[PDB]
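Reminder that position 9 of the sequence shown reads as 969 in PDB author numbering, one-by-one numbering, no gaps. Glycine residues also receive a C-beta, built at the ideal position from the N, C-alpha and C atoms.
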Amino acid sequence: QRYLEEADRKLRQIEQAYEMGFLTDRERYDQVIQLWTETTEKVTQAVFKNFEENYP
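Right, here's the structure in full:
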């Protein structure tokens, strides 16, 4: 939950960038894509660590 909500805030961030002119469409796209990529990485790592720490 925590991480996803963070990634949601960051999503808004990227959106604002795109609206400010600092980003074009495709780099906003790429940034969103890598954000969700590393978010998937995040939750995966969190899953394995949660298994190892709590229920081996």
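| field | Alpha carbon of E965 to alpha carbon of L971, nearest angstrom | value | Within the sequence shown, numbered from 1, the residue matching residue 965 stands at position 5. Within the sequence shown, numbered from 1, the residue matching residue 971 stands at position 11. Cα-Cα distance, rounded: 9 Å.
| Closest Cα partner of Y989 within the set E1012, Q973 and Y1015 | Indexing the sequence shown from 1 puts residue 989 at position 29. Nearest of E1012, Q973 and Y1015 to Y989, Cα basis: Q973.
| Same chain, Cβ closer than 6 Å to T1000, five either side skipped, listed in chain order | As a working mapping, residue 1000 is identified with position 40 in the sequence shown. Cβ neighbours of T1000 beyond the five flanking positions: none.
| said: My parser needs the alpha helix (DSSP H) runs of 4 or more residues fully inside the segment 972-1015; what are they? | reply: 985-1013
| Sorted by chain position, which residues of the same chain lie with C-beta nearer than 6 Å to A977's C-beta, five sequence neighbours on each side aside? | Counting from one through the sequence shown, the residue named residue 977 turns up at place 17. Result list for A977: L983, in chain order.
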